[PDB]
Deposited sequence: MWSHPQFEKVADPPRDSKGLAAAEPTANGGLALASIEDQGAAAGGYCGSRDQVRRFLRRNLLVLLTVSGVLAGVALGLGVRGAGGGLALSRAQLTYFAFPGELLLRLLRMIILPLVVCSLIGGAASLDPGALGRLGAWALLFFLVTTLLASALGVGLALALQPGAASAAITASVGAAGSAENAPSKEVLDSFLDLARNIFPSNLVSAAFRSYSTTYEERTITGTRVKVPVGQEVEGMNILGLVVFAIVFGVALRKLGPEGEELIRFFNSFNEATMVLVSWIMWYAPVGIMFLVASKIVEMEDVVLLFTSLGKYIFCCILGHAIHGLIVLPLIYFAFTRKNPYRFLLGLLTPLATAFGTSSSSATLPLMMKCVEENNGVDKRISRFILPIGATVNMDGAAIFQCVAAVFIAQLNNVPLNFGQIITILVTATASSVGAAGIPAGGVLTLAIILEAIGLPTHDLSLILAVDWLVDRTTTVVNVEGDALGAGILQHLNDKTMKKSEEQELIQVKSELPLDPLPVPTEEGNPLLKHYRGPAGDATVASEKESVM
């Protein structure tokens, strides 16, 4: 009878895998019907309708999550603001997240997971200006559904081409401005007195309610995932190309994880408090295996911290302060996954990306970490944040969730490794 009880206790995973497999089977079958696809684009829309409903629900939830969780995380920054070691920890986490995300986007651009197959474009400096203008939105309410973009206008003065910008308010929600406003508002509330605690209690309750909505939406998800996969299979010809692109994206993400966690972090260890990091790596061989197997960052925290304390040596107080607060903040592997996934989605639709969009990707991937205390970072939710920030279709989110089961383990192991290395280097710095 325990077989039935196991299914009841793990209904979400079974339903999700059943939905993915049913979507693949349905797409293959309807592609095999007749000589080829002949249904009209109206029927394509009718077939992809449940996926559209799912994506609308996700965006509707993206807005309150961004406006609330960032405020809460910024206002709850006092454990690291009460000491110099906390400031060093926060700075190290931020710098490591930026460098990891840059490495991920660079490796994804270089390896080209997609592709394998005139409209004008913006300018690099004008894209930078658009990026900087979107940092501070002109209006708070108008930023909930509209963004800024430099639309270009062309004049033909008796044969002389003239190319002039306009810079109107292009429709489409900008999250980067909302993130910046939320962060600065959270800092302002932290600098405020006792009434700040009441306001942030308000915001935390709102964020928790929105999280409950996230849970219900993820409960609804499998049918929408099925229909999204089916519609993608129908619309995208050469399904073998799609499968091999998914495989190349998986290999790209694993390679990014490996290069980060085996070169960049040991380089940081060798730089700060110069000594060999391989010793600490061999010491902590246990917790990395537990993190790779269980694929849970919070569950491996006590065993990993006790193993760090027993093996080699640690002040224990520095570790006892860093590890609980660094486990759900660092998110190195989350940054790698989010950057590589955003690049892969942008390349699967043959959508070129400029410098402004890349810097936006890096900044939002970093800024989701400070709000990760209230949102489930490392999943497809932060990827949806990034996709809405840079303005790409999100019909490939289901396809990426189809491989999330197999590229999440290395994410957790590299996050645990990064936290451990940071704790070690800060302990050695504090020892002096």
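Parts of the chain sequence, as deposited, that carry no C-alpha coordinates in this structure: Coordinates drop out over 1 to 50, 168 to 181, 497 to 549.
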